[PDB]
Amino acid sequence: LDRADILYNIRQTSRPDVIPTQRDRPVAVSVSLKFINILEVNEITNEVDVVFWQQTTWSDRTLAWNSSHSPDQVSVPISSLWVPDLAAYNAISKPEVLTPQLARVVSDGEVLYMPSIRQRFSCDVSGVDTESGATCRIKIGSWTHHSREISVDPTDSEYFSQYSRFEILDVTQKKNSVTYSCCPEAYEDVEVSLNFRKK
Amino acid sequence: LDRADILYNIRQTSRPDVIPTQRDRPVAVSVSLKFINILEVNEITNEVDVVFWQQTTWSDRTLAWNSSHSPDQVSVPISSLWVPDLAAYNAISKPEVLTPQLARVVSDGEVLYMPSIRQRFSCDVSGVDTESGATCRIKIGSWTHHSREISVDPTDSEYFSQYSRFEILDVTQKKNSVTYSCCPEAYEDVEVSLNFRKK
Amino acid sequence: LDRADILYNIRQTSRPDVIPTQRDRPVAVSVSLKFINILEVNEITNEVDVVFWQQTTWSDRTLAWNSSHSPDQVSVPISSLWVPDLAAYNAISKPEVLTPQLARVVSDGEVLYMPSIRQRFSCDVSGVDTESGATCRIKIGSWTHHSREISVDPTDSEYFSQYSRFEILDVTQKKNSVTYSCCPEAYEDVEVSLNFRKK
Amino acid sequence: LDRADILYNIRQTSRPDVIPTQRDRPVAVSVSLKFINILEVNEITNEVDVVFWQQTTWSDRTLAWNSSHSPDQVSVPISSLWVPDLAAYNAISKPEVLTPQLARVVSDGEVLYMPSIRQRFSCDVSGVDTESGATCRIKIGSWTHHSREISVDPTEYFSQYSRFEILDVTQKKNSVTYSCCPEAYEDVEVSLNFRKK
Amino acid sequence: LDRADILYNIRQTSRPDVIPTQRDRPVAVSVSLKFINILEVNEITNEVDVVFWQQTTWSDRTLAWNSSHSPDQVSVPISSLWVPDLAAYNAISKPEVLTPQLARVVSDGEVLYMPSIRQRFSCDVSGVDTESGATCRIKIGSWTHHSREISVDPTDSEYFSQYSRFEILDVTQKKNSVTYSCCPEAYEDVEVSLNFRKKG
Ligand SMILES: *[C@@H]1O[C@H](CO)[C@@H](O)[C@H](O)[C@H]1NC(C)=O
Ligand SMILES: *[C@@H]1O[C@H](CO)[C@@H](O)[C@H](O)[C@H]1NC(C)=O
Ligand SMILES: C[C@H](CCOC(=O)N(C)C)N(C)C
Ligand SMILES: C[C@H](CCOC(=O)N(C)C)N(C)C
Ligand SMILES: C[C@H](CCOC(=O)N(C)C)N(C)C
Ligand SMILES: C[C@H](CCOC(=O)N(C)C)N(C)C
Ligand SMILES: C[C@H](CCOC(=O)N(C)C)N(C)C
């Protein structure tokens, strides 16, 4: 098998509309935000503009191939793959995807999709100009798949811009499972707490 | 039947361009706005920027399948389903859909579509800085389907952001059936009255 | 014939790229603006932001069907129909279509397309703050079809927002047939004069 | 032949990706800007926002049909035609096309494409508030086709409600060689002399 | 062969989703920014708005044809070609492509894609109003292809607008090969250092 064949097979059979559950277990999705920049804070309106890499991994066995005498990985357009329907609950703009929309697929079916995203959020900006800083919580999970279909789990300034007006003090993560009035089932989310301040 | 089969059949036969009327009864659509945020009020211009979940439900039997030994529900891209042509009469911007455009379909054909929307409206902003607050009325209904084809019915701070500069005092709903100069038939709408104030 | 059949036939045979002239007569298009809002006036720059329903009607016999024991009308995506190539000569932004892009088709081939549009225009804003008000003239006609192929004809505050900062005094319409330097034939337009003032 | 036939044939055989050179001569493209409005001048940043009709004509024989007992012209979506890859070198925003994207095609293969465009440019805005006015120069030519493949040549509607007025418009053709490439690329430079009223 | 045939073959067989590696060597991509304008500097936020031609070249032998009695080059929509997945790491807006999205392909499979791009960046704007000026560093590389699949290499005011409020003092380039926490492999990048200042 060469790359051409692998990409051909994936395109012909991938089923981007079909969540790749195994034996009625949820697809285990990992999410991890790598913050790159904080662009436009407003303590009055409690809105912040953030740029981050949304590192997202999950498994889709339907993509697997025998890697004997074959490449172990290919880059694939996400339009050819099932992708988790993650959304940020407290986003107040749609995600602006800054990078090429390609996912990396390993021969065993492991997928990594890691767009760089710019997005605005409604969160607690109070304290941003103090030494303790602000703590902005960003909430992410599947919009339409409950906990039996998708589980969501977590996996600081490492890639944060030195030229930002802000600095990151700490980043913490917490997993939740919430029942909403609209629906009987629970929906998982990750809450990423970004503790930052003006320099 | 597995998910793949169900989604395949739906894609192959769905008829997104065909309103699923039963026995010449209107498609009964329920609409309900869950307000998430109020972002940019202007009492001078009487314009407001709102984020809300537009909970929308209706029935389409053409989607139904036998759920015996099969999943009871699937998430489906709305491009593969008929969707009611709802519009907000007093919107002054097009709806920015913030979430993945997926509907949830149950085996009996019940559909739930619940995008998170950011949109600007022209409405009464007077009194927003008083204790009584402003009452902003949002009017939603089918743009091209009259009351024999589509009926529209309703179904507060529960999901409203604590970080908003505003707070919700009350939300009320009212159903209407209006005849317009352009056409002989009546068109139904729901009017959602959002009573809110600056904190 | 049911809706499914009618929409299937329309989709299979409609020819959205083909102007439905009959016997070498122009397609007679009617255009009528129902003003909904006036949002952002600037008497210095002579620019105005307007929301209006662009009521547009014409006939396309290729869409007709026998309505005996059949629905008399269907809603159809405009991407499946020929639509007149109307443009506003003095627009300075592209039309923001706020409503679902569906036209209503009657079994005899009458079409009604009535999007709600937000658009900015260059026009006479002088006097807007006086009692006489301003008169803003909006000019609309086929961009590429001359008078032998498309004719354009007209057909006040009825739907105008009570919450606008402005009010409508009067709306008048006038038909014209103009020869431009670019081309030998005449092109029809409708000029809609919107007389409005600050409240 | 009726319109439906002509449009069908064009759709089936047009080859929008294929530049219609004849006998290895360049496609001769005419370009002409009809200025409609000047919207947002900034003398400090030297940026201007303009609306103009970009009158563009060229010939594509592969579109031709026998007009005997047939319509002489049809309107065609540009997605079904080859169109010259013109760009404005000093544009600092992408062209906002305000009109329906249709070209007019004559039975002999003459094409006219005339979108109304709003676009921002980096140009000389100095003197806009004087009697001499500013002269803003707009430079347009094929982005990827050199002079042997595309030649570009120049060949009333300005809004009375603009804050500006047009004193003069002049045009000049150029053939320039760039560091990136061995061949010459043609352009038209349109000089818009305008001032605040 | 005429252009029609060449473009027809390319469209029918191009495989825009398939990186054209040769014998398991990386596709060697050259990148070079020709700066055209600097539009909106902010020394407080350290953000800059730049317009530049992103000269990008690489080889794709699957596009090659016999140029005997045939045109030596054609312009091709990039939607019909594989194109490197280059991204600017420090961009804070998506690239606004100002020009027609066509690449030039030579009969030997050499490709030149050279869009004009307007984009905002987070970079060091300090000193912009001084004689030394600011130095803004722009970092560009493949987003998803490591060094064994794509290598990235470099190739001043020449096309820079005389009407900008800024002027260019110097442009330097540096190639890097970086390993990120997310993945075991190294990813190459070019860092383009734009040294510029406000005029006056
Ligand atoms: C119209 O439909 C009806 C009922 O099926 C039929 O009686 C009539 O002949 C039809 N006319 C045409 C032209 O098909
Ligand atoms: C290249 O095309 C020429 C001209 O017809 C032909 O003579 C020659 O055999 C071809 N060469 C290759 C490598 O196929
Ligand atoms: C809160 C958010 C609401 C939107 O959900 C849907 O559209 N469903 C189909 C569940 N989910 C429950 C995470
Ligand atoms: C008021 C508003 C006007 C638009 O109507 C349509 O476009 N039709 C096709 C009816 N409707 C009737 C709800
Ligand atoms: C004013 C306007 C200019 C655009 O014309 C075209 O695009 N043609 C193809 C005629 N026409 C003459 C109505
Ligand atoms: C200056 C400008 C650069 C971009 O050129 C390309 O994309 N080529 C395909 C030539 N051209 C040469 C006019
Ligand atoms: C740092 C940056 C992050 C994005 O990576 C991807 O999306 N892969 C598919 C690896 N790359 C590795 C250059």
Side-chain angles (χ1 to χ4, degrees), chain A residues 85-90 139-147 149-150 152 176-189, chain B residues 32 34 36 52-57 73-76 78 97-106 110-117 158-159, chain D residues 85-89 139-147 149-150 152 174-187, chain E residues 1 32 34 36 52-57 64-70 73-76 78 97-107 110-117 158-159:
Chain A
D85 59 332
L86 300 185
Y89 284 64
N90 57 319
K139 181 182 162 181
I140 297 171
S142 162
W143 199 241
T144 71
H145 290 289
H146 57 65
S147 61
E149 293 181 345
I150 286 181
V152 116
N176 303 285
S177 194
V178 177
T179 304
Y180 299 86
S181 293
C182 82
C183 327
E185 313 251 3
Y187 294 80
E188 303 194 359
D189 70 68
Chain B
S32 180
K34 319 297 176 176
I36 306 304
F52 56 90
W53 299 348
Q54 184 172 299
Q55 189 181 315
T56 316
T57 61
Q73 305 184 11
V74 291
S75 290
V76 183
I78 63 175
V97 181
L98 304 176
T99 47
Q101 289 171 42
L102 299 174
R104 191 75 179 174
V105 181
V106 181
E110 290 298 323
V111 184
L112 168 63
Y113 181 46
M114 196 170 167
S116 179
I117 287 162
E158 185 179 16
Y159 303 122
Chain D
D85 59 330
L86 299 184
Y89 288 62
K139 180 186 165 185
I140 294 166
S142 167
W143 199 241
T144 73
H145 289 287
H146 53 68
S147 63
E149 287 178 351
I150 286 181
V152 113
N174 304 285
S175 193
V176 178
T177 302
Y178 299 88
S179 291
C180 79
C181 323
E183 320 86 347
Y185 294 81
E186 300 193 359
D187 73 64
Chain E
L1 279 180
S32 184
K34 319 296 172 178
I36 307 303
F52 58 90
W53 298 348
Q54 180 171 302
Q55 187 180 322
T56 318
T57 59
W65 65 91
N66 187 337
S67 63
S68 179
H69 296 286
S70 292
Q73 305 184 6
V74 290
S75 290
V76 186
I78 61 177
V97 179
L98 307 171
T99 50
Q101 290 168 46
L102 299 174
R104 192 74 175 171
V105 180
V106 183
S107 59
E110 286 304 319
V111 187
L112 166 66
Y113 178 47
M114 197 167 165
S116 184
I117 291 166
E158 184 178 20
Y159 304 119

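Order of appearance sets the numbers: ligands from 1, and atoms from 1 within every ligand. In what follows, chains carry the letters A, B, and so on, assigned in the order in which the sequence lines appear, proteins first and then strands, with residues in each chain numbered from 1.
Between the side chain of E:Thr99 and the backbone N or O of E:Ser116, at least one donor-acceptor pair lies under 3.5 Å. A donor-acceptor contact shorter than 3.5 Å is absent between the side chain of A:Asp85 and the backbone of B:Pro100.
Considering only non-hydrogen protein atoms, atom 1 (C) of ligand 2 sits nearest to E:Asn66 ND2, 1.5 Å. What sits closest to atom 7 (O) of ligand 2 on the protein, heavy atoms only, is E:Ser68 OG, 5.0 Å.
Within the 4.5 Å cutoff, the side chain of A:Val178 has heavy atoms near those of the A:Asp189 side chain. The closest side-chain heavy-atom distance from E:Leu112 to D:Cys181 is below 4.5 Å. You'll find the side chain of E:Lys34 reaches within 4.5 Å of the side chain of E:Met114, heavy atoms only. Counting heavy atoms from C-beta outward, D:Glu183 and E:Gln73 have side chains that approach closer than 4.5 Å. Looking at B:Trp53 and A:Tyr89, their side chains come closer than 4.5 Å, going by heavy atoms from C-beta outward. E:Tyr113 is not listed as a side-chain neighbour of E:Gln54, based on a closest heavy-atom distance of 4.5 Å or more.
In terms of polar-atom proximity, E:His69 is not counted as a contact of ligand 2, lacking any N or O under 3.5 Å from an N or O of the ligand.
Counting protein heavy atoms under 4.0 angstrom from atom 11 (N) of ligand 2 gives one or more. Distance screen at 4.0 Å: atom 14 (O) of ligand 2 has a protein heavy-atom neighbour inside the cut-off. Within a 4.0 Å radius of atom 5 (O) of ligand 2, the protein has no heavy atom.
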Which protein N or O atoms sit under 3.5 Å from any N or O of ligand 3? Give each pair with its distance.
from	atom 1	to	atom 2	distance (Å)
ligand 3	5 (O)	A:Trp143	O	2.9
ligand 3	11 (N)	A:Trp143	O	2.9

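Side chain to side chain, D:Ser142 and D:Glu149 fail the donor-acceptor criterion of an N or O pair below 3.5 Å.
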